[PDB]
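Taking the form deposited in one PDB entry, here's one chain by itself in structure tokens.
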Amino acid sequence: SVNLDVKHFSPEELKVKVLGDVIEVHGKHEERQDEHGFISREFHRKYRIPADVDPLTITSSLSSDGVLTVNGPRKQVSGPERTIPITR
């Protein structure tokens, strides 16, 4: 579970990709003119999924304040609220 500021990038411009044990956020601009001049920008941020989550249970969403969140549940294998393997 993790959060990243993306206010600099459009929601449409922003994309997230998950592959096995890794995550990849990617963004890009087109020389957008701000008060100081033209500002082209792009980046790639990555993360590793902890064993408490899997690449099929993950969720991704964006708040209006400009913060992207990558989320997943906590896999309780022992104690109360025990988990059960949903089979497809």
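Start at 1 and count along the sequence shown; that's the residue number.
What follows is about the form deposited with a partner chain bound, which we do not show.
J.: Can you check whether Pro11 is within 4.5 Å of the partner chain in the bound PDB entry, heavy atom basis?
T.: Within the cut-off, so yes.
J.: So, in the bound PDB entry, is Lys15 in contact with the partner chain at a 4.5 angstroms heavy atom limit?
T.: Contact with the partner chain, yes.
J.: Using a 4.5 Å heavy atom cut-off, state whether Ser64 contacts the partner chain in the bound PDB entry.
T.: Close contact exists here: in the bound PDB entry, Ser64 approaches the partner chain to within 4.5 Å, heavy atoms only.
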